[PDB]
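Read the single chain below, which is given as C-alpha cells and is the form deposited in one PDB entry.
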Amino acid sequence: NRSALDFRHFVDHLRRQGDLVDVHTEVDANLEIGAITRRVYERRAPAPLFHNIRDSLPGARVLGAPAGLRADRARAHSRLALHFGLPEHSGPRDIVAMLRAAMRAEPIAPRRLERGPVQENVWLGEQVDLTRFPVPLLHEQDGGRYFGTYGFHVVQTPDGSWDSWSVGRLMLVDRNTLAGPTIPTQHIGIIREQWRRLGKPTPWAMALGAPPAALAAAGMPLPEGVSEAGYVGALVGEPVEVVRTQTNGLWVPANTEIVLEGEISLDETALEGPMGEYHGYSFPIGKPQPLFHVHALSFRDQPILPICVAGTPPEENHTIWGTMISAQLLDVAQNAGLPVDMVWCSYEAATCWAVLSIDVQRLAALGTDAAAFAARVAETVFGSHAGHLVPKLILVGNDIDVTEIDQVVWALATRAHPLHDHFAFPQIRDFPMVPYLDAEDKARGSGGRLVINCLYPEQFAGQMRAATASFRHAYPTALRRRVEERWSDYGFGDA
C-alpha cells in the first residue's frame, strides 16, 4: 500500500525483500544500462538501481526492470504485484480477481496537497536541459534516446472538467524538446483536438517515477470525461496525492521522481523512433510525431529515472499491460454471457495472443458450434478496448490451466484441427503494431485477426472424446490427496 503510492518507497521495498541490486559501478546510458536490464528480464534477476551513470547529473539514478519477473517460481510476480498493492506470492489468477474487483470499486478523488517531494528541484525555461539526465539509448537500432519509457502524460480538457493520464514513450530531441506518439482515438488525442479547435497547443506534463499504482491506472480504458487518477484509489483503497505543476495548472502526483511540464505543439514534428517494441522486434524506419516542448521540469533530490527496455518477454508491456488486458477481457467475456472462467495473455506470446478458458458445461447450454461461437467471441473481444490490442484468441476448455504455456501448447497441438479450427476475421480492424501485418493488411486496415479453436466438436454438446491422462484428471480425488500429503514420506522432499 505504501509501495503502491510512493515509487521511492516501492524501491526500498524491493531492496528490503532482496529484489533489488544496487549498482555502484559507473555504467553508461549508451546501451550499457539497457543491455544490463535486458539480461535482467531474461535471467529474471533483481531490478537494478543504477547509482552512477556516466556524464550525467550527479545523484541522478536509474531503475531498470521496474516490473520484470523473479526467478523464484513462488514469488515470480512480486515486482509486478507491487504495482497493485498485492503481496509477494500473488500469481496471475490472484492479480486478475484483484483487478476485476478494482474495476468495480468506487474511485477515490486524488488528495490535493500544497507541496510535495517532486518540487525539491525546479528548472525553468533556459535552465532546462534534458540531456543532463541519464537518458538511455536502450537498443543499438533505436533512432534515438528515450527520456520517457516508464511514465504517463497528463493533459486536461479546456474547461478543466476532466483529466487524462496515459502512458506513452517520449524520445529525447534536444535540451528541452521531446517527441513521441499521440493517438487521436484516445483521451490524450481527443483532448489535443479540443485545444486545436481553440487554436491552442495542448498544456502537458509527464510524470516519471510516479506511484507504481498511478502508472497502472494510466492504461485502463474509460469513457471520455472520466479521470484515471481516481482509479488509483479503486486499485489500492487509498487516494493518490497530487500537487499542481509549477507551470500549467495540471495536477501531478506529489511524490513523482521527475515531472516535465510544457505543451504539445500543434504542427511541429520530429522523426521519432524507431524503437524495439513489446512484440520483440526493432523495426528499422521511424515516423514523424508531435513535438513536446519542455518549458519546465521538477524532481526529487537524487531523482530515479525508471525505464522500460522493450522486447522479447517478459518485460513491463507483457507483465503490466498483458495482465491488465487479461483482466479486462475476462470481465468483457463474462459480462456478455460467454462461458469463460479465465483469460491469460501468455507472456511468452508477447501480448500477441490471449487464451480463453472455457467451462464446457456452460458452453453446452448455448447450443452452438465452433464457427458461430468463434464469431460471437471475436466481436465481443475485439470490439472492446483491451481486445482490440490482441490479434489472436485461443479457445480451450478449462481442464487445462491457461496461465501455463506448456499446457496451452499441449491443447494447441492436440486439439486444433487444420481444417476446422482456424477462424480468420480479416475484416476486423487491426491494432497497427502487430508485427506480422503486411502492406496489404496495413493499407486495408484489417486482415490480422484470428481465433484458434481448441474446443473439440462434441464439447459443444457437453461431451469429450477422451479423458486427459494427467495426474489431475487420471486418478480419483482421494488418491491424489494421498500422493500429495505422502509425497515426502515416499522420499521426494520437494520435487
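The numbering used is simple: start at 1 and walk along the sequence shown. For the two forms, the rigid core is made up of the largest set of C-alpha atoms that agree within 1.5 Å on superposition.
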Checklist entry - Given the B-factors recorded for C-alpha atoms, which segment has the greater mean, 20-28 or 480-488? => result 480-488
Checklist outcome for this item: As the entry reports it, the stretch among 462-470 and 59-67 with higher mean C-alpha B factor is 462-470
Checklist entry - So among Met275, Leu389, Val236, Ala179, who wins on Cα B-factor in the entry? => result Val236
Next on the checklist: So if I compare the CA B-factors in the entry for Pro288, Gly116, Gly383, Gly337, which one is the largest?
Outcome noted: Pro288
Item to check | Third of the chain, ranked by Cα B-factor, where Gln427 sits | outcome: highest
Item to check | Chain third (lowest, middle, highest) by recorded CA B-factor, residue given as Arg111 | outcome: lowest
Checklist entry - Considering only modelled residues of the same chain, in which third does the CA B-factor of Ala214 rank: lowest, middle or highest? => result lowest
Checklist entry - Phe292: which third of its chain by C-alpha temperature factor? => result middle
Item to check | Lowest, middle or highest third - CA B-factor, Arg376 | outcome: lowest
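The same protein also exists as the form deposited in another entry; that form is not shown, yet it is the one meant from here on.
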Next on the checklist: Shifts of 2 Å or more at the CA atom, core superposed, between the shown form and the other one: which of the listed residues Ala424, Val122, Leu113, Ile183 is the one?
Outcome noted: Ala424
Checklist entry - Quick one: core overlaid, is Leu31 moving 2 Å or more at the Cα between the shown form and the other one? => result no
Item to check | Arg43 C-alpha shift between the shown form and the other one of 2 Å or more, rigid core reference | outcome: no
Item to check | Rigid-core frame, C-alpha of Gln361, shift of 2 angstroms or more between the shown form and the other one | outcome: yes
Checklist entry - Is the CA-CA spacing of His89 and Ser488 tighter or wider in that other deposited form than here, given a 3 Å or more change? => result closer
